[PDB]
Amino acid sequence: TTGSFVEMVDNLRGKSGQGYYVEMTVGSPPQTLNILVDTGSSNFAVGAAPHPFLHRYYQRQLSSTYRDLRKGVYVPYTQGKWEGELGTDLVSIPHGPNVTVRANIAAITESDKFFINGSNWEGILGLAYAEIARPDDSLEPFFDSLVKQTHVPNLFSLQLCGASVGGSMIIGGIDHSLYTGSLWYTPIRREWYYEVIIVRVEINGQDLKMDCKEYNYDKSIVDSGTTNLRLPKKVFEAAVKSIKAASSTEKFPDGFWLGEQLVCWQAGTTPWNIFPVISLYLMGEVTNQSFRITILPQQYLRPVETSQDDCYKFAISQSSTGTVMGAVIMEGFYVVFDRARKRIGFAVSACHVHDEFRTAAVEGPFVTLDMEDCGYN
Ligand SMILES: C[C@@]1(c2cc(NC(=O)c3ccc(C#N)cn3)ccc2F)Cn2cccc2C(N)=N1
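In structure tokens, the structure reads:
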């Protein structure tokens with residue numbers, strides 16, 4: 056069920072704070088592009104016209120295998136938007152599963168506030184399900200097509216390392243060398259986003275003590291396309307108050323807790339131990355069982371490049390659309406998106422940033438009753 060996937064180890068790169076990307080090729084002969092790994096969307100969208108932030112793009116007229124689907128697509132986000140032309144081409148991942156598949160491609164011809172200056176990615180690989188694909192669910196996502204066309208198991212796993231950044235996307239398997247300890251699995255509640263259920267939250271062991279529906283209002287998802295741990299308004303406010311109280315041996319400006327200002331220390335003297343750990347309990351696979359994943363301040367204090378000082382941004386923030394377990398969560402763990410068994414596994418990542426005295430953790434089981442109640446029905 057696990058093993059060695061040696062070609063896919065260390066295939067992810069990124070700039071600190073701008074996205075984890077994998078190298079892919081599109082077309083014949085192959086055109087190389089860096090593509091953002093994104094579990095919170097479902098389109099394979101690539102830049103396909105010049106743009107000041109893109110130093111290369113998909114040139115359909117140079118690909119003998121390109122097929123025009125003759126239909127536009129317009130995708131607005133909250134901050135940013137793009138428009139493109141639908142088609143297909145042959146697609147590979149050079150440091151991947153050693154197969155070439157024909158996939159749908161949204162060739163981006165126009166955009167605003169979508170490509171990031173200096174991010175070094177020219178497109179996005181949306182790994183979620185068809186239900187949120189644009190323009191609709193008839194456009195099969197990349198991974199659906201890869202599994203149908205090859206013998207690749209219906210599973211992928213992500214190890215995002217953090218502290230420039232790097233990691234691994236294992237297509238079709240679970241690499242045993244990227245984690246320690248047990249893999250603990252939570253159910254995928256519904257196949258659209260990768261939706262999970264949080265049943266309990268602690269700050270340094272102290273229960274936040276809310277109706278567990280508040281943790282999942284109106285949904286809880288696992289999203290590699292988001293930096294922060296994003297929490298509903300009522301949950302975020304309770305969490306910040308508890309983190310303040312636990313770290314009260316040092317006081318910081320209010321703007322730090324809003325993510326608007328950096329706090330610094332003399333290089334090497336960052337006092338990790340005064341900051342608390344953060345635990346999310348996830349619904350288990352067995353009735354009345356949960357497990358918990360625990361991250362450190364090394365995950366939610368994110369480094370920002375005086376060279377003699379280490380400075381950081383607080384990366385827990387408020388969400389209007391439910392909980393988003395972003396890179397802040399995922400960088401503590403090796404996360405298994407087991408689509409075949411409709412579950413998401415977590416294990417202590419073998420590359421996660423920590424100190425001599427604390428590590429990230431995945432522990433279980435715990436008797437948690439009435440866990441279906443925690444879902445926003
Ligand atoms: C397609 C979408 C998207 C993601 C991104 N990602 C980054 O810039 C990004 C930046 C840093 C990390 C990390 N460490 C990960 N990602 C950029 C554009 C975009 F359009 C839309 N969107 C809105 C909110 C969340 C999402 C999402 N999951 N994907």
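All letters in the sequence shown, in the order written, are residues 56 to 218, 230 to 371, 375 to 446 by the UniProt record's numbering.
Using N, Cα and C, we set each Cβ at its ideal position, and we do this for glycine too.
* To do: Using 7 Å as the cut-off, classify the Cβ of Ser389 as near or not near the heavy atoms of ligand 1, replying yes or no.
  => no
* Asked: Can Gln364 be considered in contact with ligand 1, in the sense that its beta carbon sits closer than 7 Å to one or more heavy atoms?
  -> no
* To do: Look at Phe435 and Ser308 and say whether their C-beta atoms are less than 8 Å apart.
  => no
* Asked: Which whole-angstrom value is the C-beta distance of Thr246 and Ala419, which I expect to be below 8 Å?
  -> 6 Å
* Around the Cβ of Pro363, are there at least 16 other Cβ atoms within 10 angstroms (buried) or fewer (exposed)? -> buried
* Inspect the beta-carbon positions of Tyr403 and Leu295 and report whether they are closer than 8 Å. => no
* Asked: How far does the alpha helix (DSSP H) with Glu316 in it reach, from first residue to last?
  -> Counting along the chain, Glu316 falls outside any alpha helix (DSSP H), and DSSP gives it neither H nor E.
* Do the stretch 79 to 99 and the stretch 169 to 181 make contact, defined as three or more Cβ pairs closer than 8 Å? -> yes
* Asked: Name the DSSP bridge partner or partners of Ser83?
  -> Paired residue(s): none; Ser83 is not in a bridge.
* Taking one C-beta from the stretch 103 to 121 and one from the stretch 197 to 204 each time, how about it: are there three or more such pairs within less than 8 Å? -> no
* Asked: Does the distance from the CB of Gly139 to the CB of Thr155 come in under 8 Å?
  -> no
* Measuring from the CB of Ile179, is there a heavy atom of ligand 1 at a distance below 7 Å? -> yes
* Flag this pair as yes or no: are the beta carbons of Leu215 and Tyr366 separated by less than 8 Å? => no
* To do: Tell me, please, which residues DSSP counts as bridged to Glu326.
  => Partner(s): none; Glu326 has no beta bridge.
* **Three-way DSSP call (helix, strand, coil) for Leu362 in this model** => coil
* Spatial neighbours of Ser345 in its chain, beta-carbon cut-off 6 Å, leaving aside the 5 residues before and after -> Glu268, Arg358 and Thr360
* Note down the Cα distance separating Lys168 from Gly135, rounded to an integer number of angstroms. => 4 Å
* To do: Measure the CB-CB distance between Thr293 and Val397 and report whether it falls below 8 Å.
  => yes
* Based on the DSSP secondary-structure assignment, which residues constitute the bridge partners of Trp338? -> Answer is none; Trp338 lacks a bridge partner.
* Where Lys285 and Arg255 are concerned, what is the direct C-alpha to C-alpha distance, given to the nearest angstrom? -> 10 Å
* Would DSSP call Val262 helix, strand or coil? -> strand
* **C-alpha distance - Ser389 paired with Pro298, whole-angstrom precision** => 6 Å
* To do: Determine the burial state of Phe211: buried for a count of at least 16 other Cβ atoms within 10 Å of its Cβ, exposed for fewer.
  => buried
* To do: Measure the C-alpha to C-alpha separation of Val393 and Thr143 and round it to an integer number of angstroms.
  => 31 Å
* Hey, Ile171 and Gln73: beta-carbon distance below 8 Å or not? -> yes
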